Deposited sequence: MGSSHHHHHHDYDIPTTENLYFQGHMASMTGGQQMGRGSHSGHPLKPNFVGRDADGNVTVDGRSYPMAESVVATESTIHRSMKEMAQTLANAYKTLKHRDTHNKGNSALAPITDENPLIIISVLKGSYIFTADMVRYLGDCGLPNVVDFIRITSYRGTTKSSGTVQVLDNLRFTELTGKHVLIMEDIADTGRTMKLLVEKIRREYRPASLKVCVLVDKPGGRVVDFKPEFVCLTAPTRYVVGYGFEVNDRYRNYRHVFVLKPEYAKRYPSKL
C-alpha cells in the first residue's frame, strides 16, 4: 500500500516522491491494482462459461466455449488504454480466461469478429461519446455475439449521451485526471497513480509533439 502525504511546499507526495502537478490523489497504484484484480475475476465469471462461433475449426457447426482455440476478443483503444490493457490481460491470465488483444486508434487488423464475444477496454468514459460511437461502429460492421465495455475510470457526472459501461473499475468526479494512462499532451502517462490535475497545469505543454 502506497503512502500519501504532503511535502514541505504543500505538494502531493506518494511514497515520498513529490508530484507538483497534482491537486490530490484519486487512487494510488495498490488501490488501482486491487480494483483491477477484482474486475478480472468479475470479467472471468461473466465470460468463462459463454460460448461463441468456432473459427478454430470452421468445420464445426456448434458453438464453441471460450478457449485458446476461440478466445475472448479484446479491443484496446490506443493510446490511453495500453497500460491499463497490459495489466488487465495478465490479471485475466491469472483467472484463466483466454483472450487476445487488438488495438484501435480513434484501426484493427482482426477480421473474424462475427458471432464472437468482444470486450472493449478503454481508459475512461466521460461524456460517453467516444464509446457510444465505437460500440455502434463495431456492432454494425462486425455484429458480434456480444459487445461490452470495460473502463478503468467512469465519470457518470459527465454523461451527456446514452452510454453506460458494463464494467467499471473506478468512479471519479468530473475533474481532469492524469497518471496511469491519463496525460496532458502525453506527459504523466507513465505515473503509477491517478491524480487530479491542478488547473494551472492544464495548458502547460501547448507545443505539438
Legend entry - Deposited-sequence segments unaccounted for in the coordinates: 1-46, 153-169
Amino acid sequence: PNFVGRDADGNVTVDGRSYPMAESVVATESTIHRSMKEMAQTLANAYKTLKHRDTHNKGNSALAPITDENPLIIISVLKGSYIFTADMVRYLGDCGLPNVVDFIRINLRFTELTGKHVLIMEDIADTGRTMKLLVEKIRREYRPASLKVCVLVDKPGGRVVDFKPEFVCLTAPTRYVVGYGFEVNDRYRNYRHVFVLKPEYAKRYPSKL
From here on, numbers count along this sequence of modelled residues.
Inset, instruction - Averaging only over Cα atoms, indicate whether 197-205 or 181-189 has the higher B-factor in the PDB entry. - result: 197-205
Legend entry - Given 80-88 and 97-105, the range whose Cα B-factors average higher in the PDB entry: 97-105
Legend entry - Per the PDB entry, maximal CA B factor within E166, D154, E38, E29: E166
Legend entry - Ranked against its chain, the third holding the CA B-factor of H33: lowest
Inset, instruction - Please rank the C-alpha B-factors of the chain's modelled residues and tell me whether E112 sits in the lowest, middle or highest third. - result: highest
Legend entry - Third of chain Cα B-factors occupied by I66: middle
Inset, instruction - Grab the CA temperature factor for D126 from the record and place it in the lowest, middle or highest third of its chain. - result: middle
Inset, instruction - Place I73 in the lowest, middle or highest third of its chain's C-alpha B-factors, as listed in the PDB entry. - result: lowest
